[PDB]
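Novice: Here it is, the structure in full.
All of the numbers you see were taken from the coordinates with simple rules; none came from a lab. Cβ sites come from the backbone with ideal geometry, for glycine too, and all protein chains shown count toward neighbours.
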Amino acid sequence: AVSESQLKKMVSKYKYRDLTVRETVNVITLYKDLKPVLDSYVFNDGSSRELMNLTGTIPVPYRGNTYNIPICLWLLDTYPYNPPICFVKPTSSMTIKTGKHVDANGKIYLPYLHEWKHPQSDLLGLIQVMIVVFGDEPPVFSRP
Ligand SMILES: *SCc1c(C)c(OC)c(C)c[n+]1-c1nc2ccc(OC)nc2[nH]1
């Protein structure tokens with residue numbers, strides 16, 4: 001379990017630890033389905049830095065059918081002035097259908113993000129928007 005005090009230690013490496021910590025509270029307090037976890041990251045330079053990431057699932061209604069989408073959010077050490085890179089966990093029956101916002105590596109582009117004024121949409125906005133911008137056309141789906 002991650003405590004808020006500990007949360008500071010976890011994102012102490014970032015330059016905006018206050019807004020991020022405060023903002024995460026909003027995300028895990030309202031979206032408890034998103035849990036923060038500490039992870040080790042290795043850069044090409046060989047230098048290592050401990051970064052915290054949000055990992056879990058988001059229930060999404062679709063065609064009367066609902067799927068449990070597993071997603072991992074990695075924050076850049078310069079977050080939130082830097083956009084967050086997202087990765088969608090694929091499976092044998094779930095594939096990535098490239099389209100208007102999904103590439104082949106699982107990158108997610110969202111118009112609200114390009115017009116997101118800091119701090120208005122906030123991370124919490126990204127998740128409900130994720131629930132909406134993916135409901136319009138699930139970039140991923142289960143194929144028998
Ligand atoms: S958020 C990715 C993830 C998940 C979902 C998970 O839960 C089933 C476990 C056990 C591990 N990871 C994950 N993927 C990683 C890539 C690199 C890294 O740094 C060493 N840590 C990762 N943890």
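Novice: Could you list the chymotrypsin sites (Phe, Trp or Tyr not before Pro) in the stretch 19-84 that lie in coil according to DSSP, counting only those with at most 12 other Cβ atoms within 10 Å of their Cβ?
Specialist: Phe43, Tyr81
Novice: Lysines near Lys35 by alpha-carbon distance under 20 Å, same-chain residues fewer than 8 away left out - which ones?
Specialist: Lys8, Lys9, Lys13, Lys89
Novice: Looking at the stretch 94-131, which trypsin sites (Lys or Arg not before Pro) are in a loop (DSSP not H, G, I, E or B) and have at most 10 other Cβ atoms within 10 Å?
Specialist: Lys100, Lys117
Novice: Identify which of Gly46, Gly106, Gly56 has the largest mean-square fluctuation in a Gaussian network model of the chain, with springs joining Cα atoms closer than 10 Å.
Specialist: Largest GNM mean-square fluctuation: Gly46.
Novice: What are the extents of the Cα atoms of the chain along their three principal axes, in Å, largest first?
Specialist: Reported extents, whole Å, longest axis first: 43, 34, 32.
Novice: Can you compute the equivalent ellipsoid semi-axes for the stretch 91-144, i.e. the square root of 5 times each eigenvalue of the Cα gyration tensor, sorted largest first and rounded to whole Å?
Specialist: Equivalent-ellipsoid dimensions as semi-axes: 24, 11, 9 Å.
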